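Novice: Structure, please.
(chains A, B, C, D, E, F and G, ligands or ions: 2)
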Amino acid sequence: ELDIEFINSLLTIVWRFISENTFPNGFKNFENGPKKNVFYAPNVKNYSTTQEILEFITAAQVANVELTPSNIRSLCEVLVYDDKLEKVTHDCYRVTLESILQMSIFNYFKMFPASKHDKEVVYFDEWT
Amino acid sequence: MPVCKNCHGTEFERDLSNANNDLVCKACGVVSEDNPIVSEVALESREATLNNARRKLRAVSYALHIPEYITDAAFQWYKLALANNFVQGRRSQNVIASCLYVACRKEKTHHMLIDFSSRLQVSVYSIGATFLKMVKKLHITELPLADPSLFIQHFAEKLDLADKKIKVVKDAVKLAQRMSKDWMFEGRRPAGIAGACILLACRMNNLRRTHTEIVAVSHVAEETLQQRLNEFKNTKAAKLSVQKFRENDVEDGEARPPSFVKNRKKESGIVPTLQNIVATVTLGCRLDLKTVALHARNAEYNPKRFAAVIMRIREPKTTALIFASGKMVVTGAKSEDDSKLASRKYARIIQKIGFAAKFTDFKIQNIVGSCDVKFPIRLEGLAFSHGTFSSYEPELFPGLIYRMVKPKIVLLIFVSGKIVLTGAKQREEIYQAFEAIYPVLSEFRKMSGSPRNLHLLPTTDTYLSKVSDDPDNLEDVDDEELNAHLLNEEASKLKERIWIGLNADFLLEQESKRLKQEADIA
Amino acid sequence: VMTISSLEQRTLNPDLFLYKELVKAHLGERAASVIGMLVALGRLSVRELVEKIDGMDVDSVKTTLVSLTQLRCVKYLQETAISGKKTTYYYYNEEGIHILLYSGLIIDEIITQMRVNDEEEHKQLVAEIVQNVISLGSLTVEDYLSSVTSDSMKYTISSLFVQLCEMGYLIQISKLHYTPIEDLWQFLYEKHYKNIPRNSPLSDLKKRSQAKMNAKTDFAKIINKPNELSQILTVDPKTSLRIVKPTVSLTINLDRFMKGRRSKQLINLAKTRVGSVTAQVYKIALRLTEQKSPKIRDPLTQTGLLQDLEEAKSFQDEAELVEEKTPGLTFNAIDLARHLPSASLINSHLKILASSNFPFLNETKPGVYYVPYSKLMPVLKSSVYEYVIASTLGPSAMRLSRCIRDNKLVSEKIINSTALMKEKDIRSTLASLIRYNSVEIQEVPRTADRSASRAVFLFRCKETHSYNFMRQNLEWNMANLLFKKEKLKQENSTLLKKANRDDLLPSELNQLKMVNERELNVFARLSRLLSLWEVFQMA
Amino acid sequence: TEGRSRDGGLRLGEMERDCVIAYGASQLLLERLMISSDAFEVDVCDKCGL
Amino acid sequence: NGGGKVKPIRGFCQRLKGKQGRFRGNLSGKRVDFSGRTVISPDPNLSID
DNA sequence: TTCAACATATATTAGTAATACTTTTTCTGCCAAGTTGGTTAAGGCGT
DNA sequence: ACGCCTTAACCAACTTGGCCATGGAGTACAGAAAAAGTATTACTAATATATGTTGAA
Ligand SMILES: [Zn+2]
Ligand SMILES: [Zn+2]
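Specialist: Numbering: from 1, shown residues only, chains lettered A, B, ... in the order given. Ligands and ions are numbered 1, 2, ... in the order given. Below you will find the coordinate block:
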């Protein structure tokens, strides 16, 4: 690409369609509104896009040229590492149900500190 | 500071006698202390330019063989000069040259500006003006004032010859001093009278040398000198004195600089006069300078030389100017009528030939005036007195610079009595500052008086109202020769043609870089 | 400066810093030093104590010691001296107060057997049962029920009766039980080298492995001895149902607590990657298998002897099939009607097993429904970290470290190639990550001997260090938090004396909720941090 | 201070000093190497001596 | 910096180490007050001691 | 030769307005002893 | 039986503070750009030296 930004933009753009790639749309309205046993047997679903993204990239609405499926995979690799998606059998991919982030407990989001006054906190470097 | 615990004596006496080296007061006998405990044996844009600044500073400094200590003066000055941002805007050699010059001058040493500067390519008037600026930017006083009494030595050292020169030097100094006494000194380069008395007393000691040799250390011209040589030959009791006995004449006669003698060449109460009034007028539309420059009697268009249209008019003998944005400066205006009225005439070519561009914002940027008292006055002391509010340097400029804060005007001074008061935007301020400093003028005299009324003539605003203030009054003041100041289309197709044959490279580079714009894209 | 953080109270004390306050938070008093000094210097003798502690010799020495014994806070060894008589040297139990350090969480271990009576006096019953147990630690239904009233149906006052056995609960302390493991292995290393019928003096391997075999297989029934013993389980007196053996005292069973909380983690992590339907399925499935899986227990033998770079695998292989096959008999093949809240056809609904895929489970008897097990738990452990640093420090540290996972000892260009944002950030997140552990460093000499800026700077995972630094975490609040709990005692200590015996003043009324709900914040805040600590201390 | 000139003081070197030890004089050391040498009182703390 | 290689950047382990370095000659070797120094000259009629 | 005379510069205040020019300011590439390794000898260890 | 590798003792390499005491004067790399400030570039418009030259006597 280029060495400067707005990859994160086109990233979070493709992440959307990637969320579509797995089960139906978000259905995050109430707690369990998922595929409901993943339609019929998610075992039957072996799915990903790879090249398809480019046919998907046809939308443009942005200043750029197209990009190679190789570097497409590179774009995939960050959200692998950022854990927004999953890498299965090479070109097949999944979503990490990240969306629950986007929206006892062990999730970092959906957690807020008191973090004023009281000395009872847990900082990280309370000992360095 | 310390006081005894008992006698409470305020004075302590140290005993080094027996080599106890103790401290005790004559009031008690109870010591202050035992065995006084003694001792033995980064990167910043500023700080780095202080490294380099010391490098330059010291190096070029003792290239003159000046004392090392003195250099640190300027080093502070230079550092002090960093504070007011006086340093950045211009060359470095200007800077260091300046701050060293303010040291040596302030410290009264023997070195010369025209000389010191001559270490470079420099016109020497440049760095002179640099030094002149920090007079504004830093804030100084009468401190830098010298005389040949110093510089004859450094000159005398440079000519070798014999030691009688010293005897000659004593002969020369008082000689020049009487010449300083007879009032021919000030207003001229001290080196001139220096080499003068050199040739005089060396002539008194009859050693045959050349004016080339004299000016060689003096760094002036020869005819420059001999003007002062025979300018002595005519002086009071000159040939009466010029013989032996080492000029024991201490007397004076009169003191009459040739300055006002050239005032005799055409031969308060004397009123300063208007010369020019600097102003400005806004049009209100930006336009093409060449398009208006096409048909005119007086104009010039060469943005290569300077970007503007040169405009002037023979009536009422006024110049002014025009700008590109629809602004102008009014110049050559001796009074407000001739100023504002002609200032309206410029809009008459415009609305006649060019665009509309009405007459707006007529405002005085400056007013000029001049006067003379017809007698000598002592600036040396006047400066020594008012050098707070005054500025003078002997060779930097013959006249003296005065600065009045109330009101704010620069005063141009001459021992001829000729005084130029300028730098004011108001008429009355002329005679306000003038008659204000007149008690200093008549205060310093050697061996009219009625200002009448402080304000006599009508004000500036009177003559301003005597001319139409409405921009749309134009054809009324049209001289009808401005109808004729336009020219035919042929003289535009010929004059303008010549302009194009000349400027096709200038415009060619304009449009060519305008093509580089397209190249810039790619 | 000015003590407000007090690095003294904190920075310079690894590990035992927890312990010596725990016992302090428990006892302190006379009892404080002995554990502190012990864990500090290690092996210690009775006579050897008072030459250091100045601990009220041979009384609080004896007193605190038997105190720890009753509560099994020490590891305990005696043998004859080399001349004769007998000598006793001492160690500290496991993590010891580790038992106490859960407590309320061990109280939560009841919530598995909270079932079969929900929200009953039976709840309060088994409650006082357990904490009375854990305060002393070794009791009998003869001793307990003896103290308890004898006018409340025996098979009910003490309602948990057959339920005394289960998985967790209690096992009689015997010999080896609190005896130091590392040596008692060596104690079993006798009788094999020690019994050699002067066979052949060659190849100690034949001597070693065989002894090892013995040492192995003997040790098995050793630790399998507490695993189950029938004389407890079996007893059914006349006109009665099966009971435990009321005779010998039994003690808290820590294993199924480990496996239980580790389960709870898996409920969370798996719950993260799957849906609450499939999740709760996995949850109720694990309720059966957490019975059989050691899951923290396997080390044991690994602890206490040098491995061998091959023979290390000769231990690993045993963990490969162990639970997978023979306990596989105890494991999922066909399970029936676990709970249901779903309804109607339960079969392919139960085939939701196959919905399990990654990065765990999803291995079965090629046409029966089964989850891999003794292979599962191990490579499960390796994964467990995951999330551990994000709002820990920064979002971006994730993807790089995660990337630092897949690649290895690369460098910043190939990072910035793979990675994104800007070197301005890349350094920060990395540098702020290198400030502790994680990346470590790699570098190689470049056209020089070794020099400062010439060479290249490389990055590596080393979860050995990583998984072994989260104890620094232990050193944070589990270190501190306990103090500001204790330190706040002396605040109200005067009132604490009065206020406890009362059931007065406005500020009293105020500071009630202050210090108390404050204690909610500390204690709950602790258990919070604990659920995280439940891993890197063991697996 | 050092030597002659500035001001006085004289040199007990080690090799010079130890000659007194052959006479084993306790106090002569103290008065000599202490009371007349550097007269000072340190203040310390039994607990954690510093 | 400099960088004409000023030799004695060393201040410390030195000041404690040899010769005039304290812990021998400036501590065990203290230069002691109340003394005096002069040249000699014989006096036989002065008693021994 | 001496005049002489004539032109240039020159210090102020305005300007625009524009271009052009330097800076500053970041902001960056001599003996005894440990010390090693290099050698060998034994010694299991499997053939 | 015979060979192999593993462990360990030896020996030769590179290695480092010592080195009279007392006096007694004596003693940070080079290159860029962004900012900013000023010079020039016309005008009055008044100086009196200073200089240049030339030139007429
Ligand atoms: Zn006193
Ligand atoms: Zn202390």
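
Novice: Buried ones in stretch A:44-64, by neighbour count?
Specialist: Neighbour counts over stretch A:44-64 (16 or more other Cβ atoms under 10 Å in any protein chain shown) mark A:48-49, A:53, A:57 as buried. For every residue, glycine as well, the C-beta is placed using N, CA and C.

Novice: Looking at the residues you listed, which are in helices?
Specialist: Secondary structure defined by DSSP state H assigns A:53, A:57 of these to helices.

Novice: okay, the buried residues of stretch A:44-64 in JSON lines with distance to residue B:185 next?
Specialist: Below are those laid out as JSON lines (distance: Cβ to Cβ, whole Å):
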{"residue": "A:48", "distance to residue B:185": "101"}
{"residue": "A:49", "distance to residue B:185": "98"}
{"residue": "A:53", "distance to residue B:185": "94"}
{"residue": "A:57", "distance to residue B:185": "90"}
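
Novice: which residues does the residue in chain E that chain B sits nearest to contact?
Specialist: With Cβ to the nearest Cβ, the shortest gap between chain E and chain B falls at residue E:33, namely 8.3 Å. Going by Cβ atoms under 8 Å, 6 or more residues apart in numbering or on different chains, residue E:33 touches D:8-9, D:36-37.

Novice: all helices for chain D, in order.
Specialist: D:14-17, D:26-29.

Novice: Which of the ones you listed sits closest to DNA strand G?
Specialist: helix D:14-17 (4.2 Å; Cβ to the nearest atom of the strand).

Novice: Kindly provide the distance from the residue of chain C most remote from its centre to chain D.
Specialist: In chain C, residue C:447 marks the outermost C-alpha relative to the chain mean, sitting 49.9 Å out by Cα atoms, centre = their mean. The spacing between residue C:447 and chain D, counted by Cβ to the nearest Cβ, to the nearest Å, is 50 Å.

Novice: pretty sure that residue is in contact with residue C:454, am I right?
Specialist: Yes - at 6.2 Å, residue C:447 counts as touching residue C:454 under the criterion of Cβ atoms under 8 Å.

Novice: most centrally placed residue in chain A?
Specialist: Centre-nearest of chain A using Cα atoms, centre = their mean is residue A:84, 3.0 Å out.

Novice: wouldn't that residue be in contact with residue A:97 here?
Specialist: No - assessed by Cβ under 8 Å, residue A:84 is found out of contact with residue A:97, at 9.9 Å.

Novice: Just the ones of the contacts of residue E:33 in strands?
Specialist: Using DSSP state E, no member of the contacts of residue E:33 falls within strands.

Novice: Just the buried ones from these?
Specialist: By neighbour count, with 16+ other Cβ under 10 Å, the contacts of residue E:33 hold D:8-9, D:37 as buried.

Novice: nearest to DNA strand G, of those residues?
Specialist: residue D:9 (7.2 Å).

Novice: isn't the closest one right up against residue D:37?
Specialist: No - contact criterion Cβ under 8 Å: residue D:9 and residue D:37 do not qualify, at 9.6 Å.

Novice: Residues that sit against both of those two, list them.
Specialist: E:32-33.

Novice: List the buried residues in stretch A:90-97.
Specialist: A:93-97.

Novice: How far off centre is that stretch?
Specialist: Its chain's average C-alpha position is 9 Å from that of stretch A:90-97, according to Cα atoms, centre = their mean, to the nearest Å.

Novice: roughly how far apart are the residue in the stretch 101-250 of chain C that chain B sits nearest to and residue B:59?
Specialist: Across the stretch 101-250 of chain C, the shortest distance to chain B (Cβ to the nearest Cβ) belongs to residue C:101, at 53.1 Å. Separation of residue C:101 from residue B:59 (Cβ to Cβ, to the nearest Å): 76 Å.

Novice: Comparing these two, which residue is more hemmed in?
Specialist: Set residue C:101 next to residue B:59 and count neighbours by other Cβ atoms under 10 Å in any protein chain shown: residue C:101 wins out with 20 against 11.

Novice: So that one: helix, strand or coil?
Specialist: Secondary structure state of residue C:101, per DSSP: H, G, I helix; E, B strand; the rest coil, is helix.

Novice: swap in the one 4 residues further on?
Specialist: What three-state DSSP gives for residue C:105 is helix.

Novice: Is it in contact with residue C:264, as I believe?
Specialist: No - between residue C:105 and residue C:264 there is no contact under Cβ under 8 Å: 9.6 Å.

Novice: any idea how far residue A:108 lies from residue C:426?
Specialist: Where residue C:426 is concerned, residue A:108 sits at a distance of 21 Å (Cβ to Cβ).

Novice: who are the neighbours in contact with the nearest residue to residue B:181 once chain neighbours are set aside?
Specialist: Nearest non-adjacent residue to residue B:181, counting by Cβ to Cβ, 6 or more residues apart in numbering or on different chains: residue B:252, 6.2 Å away. Residue B:252 sits next to B:181-182, B:236 when contact means Cβ under 8 Å, 6+ apart.

Novice: May I see the residues you listed organised as CSV, with secondary structure and neighbour count added?
Specialist: Converted to CSV, the contacts of residue B:252 look like this (DSSP: H, G, I helix; E, B strand; the rest coil; neighbours: other Cβ atoms under 10 Å in any protein chain shown):
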residue, secondary structure, neighbour count
B:181, helix, 16
B:182, coil, 20
B:236, coil, 15
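
Novice: I'd like to know which of these is nearest to chain D.
Specialist: Using Cβ to the nearest Cβ, those come closest to chain D at residue B:181, 58.8 Å.

Novice: how about the strands in chain E?
Specialist: Counting by DSSP E, the strands of chain E are E:31-32.

Novice: Tell me the residue in it that is farthest from the middle.
Specialist: residue E:45 (35.7 Å).

Novice: tell me which parts of the stretch 201-350 of chain C are close to chain A?
Specialist: C:268-269, C:272-273, C:275-277, C:349 (Cβ under 8 Å from any Cβ of the partner chain).

Novice: For PyMOL, what selects the buried ones among these?
Specialist: In PyMOL, a selection of the buried entries from these looks like this (16+ other Cβ under 10 Å):
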select buried, chain C and resi 268+269+273+275+277
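
Novice: the strands in the chain, which residues?
Specialist: Reading this off chain A. A:85-88, A:92-95.

Novice: hmm, I had chain C in mind actually
Specialist: Using DSSP E, the strands of chain C run over C:44-45, C:74-79, C:87-92, C:138-139, C:170-171, C:250-252, C:442-444, C:456-458.

Novice: neighbours around the residue in the stretch 1-150 of chain C that ligand 1 sits nearest to, how many?
Specialist: Using Cβ to the ion, the closest approach of the stretch 1-150 of chain C to ligand 1 is made by residue C:1 at 41.1 Å. If you count neighbours by other Cβ under 10 Å, residue C:1 ends up with 4.

Novice: what sits against residue B:40?
Specialist: Contacts of residue B:40 (Cβ under 8 Å, 6+ apart): D:1-2, D:6.
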